[PDB]
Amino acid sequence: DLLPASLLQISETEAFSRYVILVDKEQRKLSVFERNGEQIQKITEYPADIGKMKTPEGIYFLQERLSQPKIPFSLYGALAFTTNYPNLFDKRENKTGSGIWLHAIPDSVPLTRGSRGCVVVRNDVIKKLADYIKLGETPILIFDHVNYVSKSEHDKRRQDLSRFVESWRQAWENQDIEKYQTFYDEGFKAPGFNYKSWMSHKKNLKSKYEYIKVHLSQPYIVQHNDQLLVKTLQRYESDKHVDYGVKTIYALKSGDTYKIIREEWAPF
């Protein structure tokens, strides 16, 4: 009936993850959602809690799978999955610490006896969750509060953010520098760039390659509190040359809209 307001869309790209794990700390529940075309749908849910031995919230991806004998069953159960904590939003504010894993624990031990901020589930549960996880790809969203909205409200929020992404893509493809610039925060950073050098490079590229095409696959879209994360397979065509890459934008709320603070690209 209802859908999580902060998970708006799962990417259609099959090299990414068709599943997203959503941890609702207030409900003590971990849910698995799957793409259904442009829609999302809940597949399953399990009890979960946060280790207690404020805890972080954020938008993460699962990276590695660990088990015995590398990690002790007494602390982690049969399996642990690491995350990319601290992410770029976390680093922007110098967040560090022991890290965030999704892991299990012995049956005799409460889930809250896990290490602080880790997501802890039962040993039987982690073995089932492993089947949904594509290492390096599957998101894990860890939120204090999850607002559930009607399907019609969810569709509206998704379309609102889809229009934001499209207006950005269009301004980029048009090489309409004046419009494109407005999507970026003056504190923007990317590897090798600040706001000024990023815009200067975009203007210089336009001077060399007048016509470009930018295509974005149906993206992951997550929007929780101030944060917006969009991840897509991007096709860039310019000067009869082409490249495909994984494009991730990180943005923060700015008045009634958002401004991009970080932009990443990796070859695909």
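Throughout, we count residues from 1 along the sequence that is shown.
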| property | result |
| --- | --- |
| Chain break class at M53/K54 - deposited residues not modelled | 10 or more |
| Selected stretch [higher average CA B-factor]: 76-84 or 97-105 | 97-105 |
| Between 146-154 and 185-193 (mean CA B-factor, as deposited), the higher | 146-154 |
| Among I126, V119, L161, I177 - the residue whose C-alpha B-factor is largest in the record | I177 |
| Which of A48, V242, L62, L229 ranks first by CA B-factor in the deposited coordinates | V242 |
| CA B-factor placement of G37, once the chain's modelled residues are sorted into thirds | highest |
| B-factor third for the C-alpha atom of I43 within its chain | highest |
| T257 - which third its CA temperature factor falls in, relative to the rest of the chain | highest |
| CA B-factor ranking of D90, expressed as a third of its chain | lowest |
| Lowest, middle or highest third - CA B-factor, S115 | highest |
